[PDB]
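Form deposited in one PDB entry, single chain, as structure tokens, below.
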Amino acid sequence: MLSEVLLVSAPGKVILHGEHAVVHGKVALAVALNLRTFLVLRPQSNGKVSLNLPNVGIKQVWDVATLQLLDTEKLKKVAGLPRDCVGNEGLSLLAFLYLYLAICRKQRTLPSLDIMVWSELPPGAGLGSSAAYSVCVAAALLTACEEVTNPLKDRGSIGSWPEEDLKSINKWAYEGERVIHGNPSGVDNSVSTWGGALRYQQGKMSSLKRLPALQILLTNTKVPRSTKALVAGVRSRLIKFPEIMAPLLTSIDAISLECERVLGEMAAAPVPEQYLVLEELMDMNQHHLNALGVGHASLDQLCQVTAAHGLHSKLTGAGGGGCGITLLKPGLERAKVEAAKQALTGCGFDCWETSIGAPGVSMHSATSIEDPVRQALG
């Protein structure tokens, strides 16, 4: 057990290319979104572990005494420890407990902690915020129970864990996603742990070696959608017009592959003509997705406003609403981008200017933390 206060942060994700094509065997590219989730863990004296989730406005307190006397599927039983009430986010408090016991069990006394979680990620918008949360939790606990090295052992500003350690973090982050999702693939938590870019084919994942600096505008239309529905309609259209749909899917597959090739050649020396290829790829993937049938008026609107300012975008994820991405290459005029944001907001959409291909699980010194975050954390 450590004593110092731990501060860890993990990024969310966006599907650059591949969205619906992956369901049919095609390649997809998932990348770390720099909209992070922070978790501050404070050691305590009182025999109580308190998990505090501001966002979802819920706080829960357990007393080590009771949990320490609990006999250590498994889920049903776990629910009999805290309770069983309302909350789609109630599974999270269940995912915390699981991660808490299973990881600290090898301790001769369950520690008394205080966890503070606050992210910049909009929940449910498909940016994998629950994995970012699981990763943060598994990372803080693992470090507190010294099951993993302490990145800031040398009192650095910002730090990360070594490969062997990141693997332990992911494995545990995954169990936590299993409890809340049931059958998660592992892309979300893998993206949150290793950061950077991920390649997903048919159950197999890899980590693109090197990525360039990519600036984007993340837009949330707040339009609610049914992921189960979209995927069904696509499969439906795949059955109705097979000779039309089959090729289309292959076309999207080629877009992921092409992007993979370019990003790699950009990691060398980013020539301006490389951003031109990327936006052409986005333009085409957006049209293909509209063809698949997962488009939405709020999304055509997002692209229309954006193109009006010379920017290129594409939906990201399930389509039919949700978020969209817009590329910001090196050289645009502060004015073009600034107006797009205003326009986007006027439509009633949330808009963030962030980055893609983000760092990954990180430990921060309380002085590396910005002000807005520090205010929400302490």
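Shifts are known only where both forms have a C-alpha. One-based numbering along the sequence shown. Take the two forms, superpose them, and find the largest set of C-alpha atoms that agree within 1.5 Å; that set is the rigid core.
Form deposited in another entry: not shown, discussed below.
Trainee: With the two forms aligned on their rigid core, point out which item of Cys145, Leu248, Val78, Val223 shifts its C-alpha by 2 Å or more between this form and the one not shown.
Mentor: So the only displaced C-alpha belongs to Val78.
Trainee: Mind checking the CA-CA distance of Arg83 and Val64 in the other form? It differs by 3 Å or more from this form, so is it closer or farther?
Mentor: It is closer: the C-alpha separation of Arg83 and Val64 falls by at least 3 Å in the other form.
Trainee: Shorter or longer C-alpha distance for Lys48 and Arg83 in the other form, given it differs from this form by 3 Å or more?
Mentor: Nearer in the other form, by 3 Å or more.
Trainee: What moves between this form and the one not shown once the core is lined up, counting runs of 3 or more consecutive residues with C-alpha shifts of 2 angstroms or more?
Mentor: Only this run moves by 2 Å or more: 73-86.
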